[PDB]
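Heads up: the structure comes next, in structure tokens.
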Amino acid sequence: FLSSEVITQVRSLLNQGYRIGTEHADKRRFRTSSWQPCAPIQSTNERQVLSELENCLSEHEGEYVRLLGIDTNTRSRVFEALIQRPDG
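For the sequence shown, PDB author numbering begins at 224 and goes up steadily by one.
Next up, the structure:
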């Protein structure tokens, strides 16, 4: 389930040297913005990153998943996007 849009965003973040992360929220936790981190994607190899992202989506079926770009020098989030949303 990786769209062309999401892949372009991930490749750009990697090209700029940013870390990829994800976080998730079930329907109930989304209502209060109560996100939890997913398993880290400690790779900067695009093929492996994308493979791990697809794993993250399939492991959180029915949940909200937000993709993160992270500046590892400063810990700041430089990018966010909701990449999985339940139907509704």
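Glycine is no exception: its CB is placed at the ideal position from the N, C-alpha and C atoms.
8 Å Cβ shell around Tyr241 - same chain, five flanking residues per side excluded: Here residue 241 refers to the residue found at position 18 of the sequence shown. Closer than 8 Å at the Cβ level, and outside the excluded window around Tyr241, lie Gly292, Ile293, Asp294, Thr295, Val301, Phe302.
Sequence-distant residues of its chain with Cβ nearer than 8 Å to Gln259 (five each side left out): On the sequence shown, position 36 is the one that residue 259 refers to. Answer for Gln259: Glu246, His247, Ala248, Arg252, listed in chain order.
Residues near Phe224 in its chain [Cβ-Cβ closer than 6 Å; skip 5 each side]: In the sequence shown, residue 224 corresponds to position 1, counting from 1. Counting only Cβ-Cβ distances below 6 Å, and skipping sequence neighbours, we find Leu280.
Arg298 versus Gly285, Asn278, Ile243, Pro309, residue with shortest Cα-Cα distance: The residue labelled residue 298 in the question sits at position 75 within the sequence shown. From the listed residues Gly285, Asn278, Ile243, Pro309, the smallest Cα separation to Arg298 is found for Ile243.
Contact check, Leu273 vs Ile306, beta carbons under 9 Å: In the sequence shown, the residue the question calls residue 273 occupies position 50. In the sequence shown, the residue the question calls residue 306 occupies position 83. No. Outside cutoff.
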